[PDB]
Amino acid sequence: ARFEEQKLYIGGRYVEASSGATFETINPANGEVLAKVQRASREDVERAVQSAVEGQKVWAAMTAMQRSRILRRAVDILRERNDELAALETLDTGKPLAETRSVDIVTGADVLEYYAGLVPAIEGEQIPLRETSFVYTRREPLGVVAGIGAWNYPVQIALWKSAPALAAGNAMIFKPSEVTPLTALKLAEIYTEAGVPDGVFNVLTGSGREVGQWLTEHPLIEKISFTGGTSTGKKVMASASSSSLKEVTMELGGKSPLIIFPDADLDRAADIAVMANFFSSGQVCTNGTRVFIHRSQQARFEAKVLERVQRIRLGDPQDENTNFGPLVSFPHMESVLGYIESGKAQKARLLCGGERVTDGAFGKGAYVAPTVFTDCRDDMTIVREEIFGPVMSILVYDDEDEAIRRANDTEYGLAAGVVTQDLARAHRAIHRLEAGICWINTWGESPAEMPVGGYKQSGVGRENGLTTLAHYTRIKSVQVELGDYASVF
C-alpha cells in the first residue's frame, strides 16, 4: 500500500479498532491500493459515543467566541494545507488536481469559516405574556450528532456537515464513505491541532451497512446528517427514526433539469450545460443531467456542446492540465457503462463518447468518456434515473409550459436552472420549478450563505446558510411566572 494502515480517530488521537478487520481504498486512476483501513466494531462505536459525550461538555462549556476562535484556527490550517489535502483527495477520488486544489478544500473551508464567525450570533427569543409573566427560549446544542459522508466530495462534505454541528456546540462522529476514507482522518487531525477538545470530532471508518447503521441506531446520538443516494437515504432515515427519533438531514440524489429558453446566448448555454454535466466527471448530485433545448435552437446548441466536449482534456488526475479524470471506482464505472448501454439499446442518438477509454495507461483506470445523448425521451432509463456519471441527455421541447411540466415530472427535486435573458421569464419559470436549488444563467455555485437541499425525494432539511446552523440546536422554552398561580382544585 502507498500508505500505512489507517486507524480510527477517537479522543484527539488515532486508536486501534477492535474488529480485527480491514478494507482497502483504491486509486481509481491506476488500480493501486492506497492503504488498508480499519473497520470500526460495534464497541468502537460505543467508545466514540462516550468520547463524544465528554468532549461535547468541554466544547459547550467554552464561550461562543472561544469556539469561534478555534474554528477560525482550523480554517487557517486548512488554507495552509490546501494543496496537500487536495493531492490526497485526488489520489482518493480520481478527481483532477485542478478541481481539488481550487474547489474541494477551498469551499469546504469557506463554509467552516462562515460558521465560525456566526457562533456568537446564535440567539433565543423573548416574549412578554403579561406583566407577571414572560418567556425566553434557549437554543441549546443537540449533544452528540453523526455525519455519514459520500465519496464524490469527501473532505468538503465532512466540512459542510461538521462546521455547523461544531459551531452550534455539538460533538460529531463522522463516517466517511468506505470508498473515500483518507481525507476525513486528516480533517480530524487538523481540528485537534486547532484546539478542538478531544472527542468533539471523531472519525469512524467502515461500511454503511455496519458502522453507518450502528450510528443511526445509537440511542445517545441526537441527529443524523446523511449524504448519498435516495434509496439509501430512506433506509437511513427510517433507522434513525425508529431507533430513537433522531433529528435528520438528508442530501440525496437528483435528475436536475436545465432549461435553455429560445432567447438564450447559446455559447453561455453550452458552457453551462457542459459544466452542469462534466465537472468531477459527472459525479455531482446537483448536475443538470436533463438538458431542455427549444426546437428552434437544437442544431446550433448541439454543435456548440459538441465543440466544447471534444476539447475536454481527459487524462491523468496528477497532470495539472487534466480537467476530466477517471470515475471514483471501477464498480461505479461499470454502473455508468450499463446506463450508457441502456441509452444505446433504447435508441437515444449518441453524440459524444459512450464508451470506456482504454488507450495506453487509461486501461488501468476507470475512465468513461464525456458522453452526450440526444433525441432522448422522458421515459428512457438514462432520462429517468440518476446516472452519477458523465452522461448528458438532451431533450427538445416546443413551449415553456411543456418544458416546465417535464422538468417537474420526476420524484427528484434537488436542483433546477434556466438560461434566458428575459427578466419576467427567468423569475416566473424558476418559481414554478420544484427544486430546492435553482440557478438563473449559471450552474453549480453553492455559496456558504445559500441554504441547499432537495424537494421531494431529493432530501430532507438543508445545509449551509443561517438556517442550517439553527437546526443544529434544539429549542427550550422557559416560562417565568412572576405572579400568582391558580389551581382549579
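Start at 1 with the first residue shown and count on from there.
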query	finding
Given 87 to 95 and 156 to 164, the range whose Cα B-factors average higher in the PDB entry	87 to 95
Given 132 to 140 and 190 to 198, the range whose Cα B-factors average higher in the PDB entry	190 to 198
Identity of residue with top Cα B-factor, from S256, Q126, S241, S225	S241
C-alpha B-factor winner, where the candidates are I475, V480, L469, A17	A17
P120 by Cα B-factor - lowest, middle or highest third of the modelled chain	lowest
Third of chain Cα B-factors occupied by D379	middle
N170 CA temperature factor, ranked by third within the chain	lowest
Chain thirds of CA B-factor: placement of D271	lowest
Entry-reported Cα temperature factor of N27, expressed as the chain third it lands in	highest
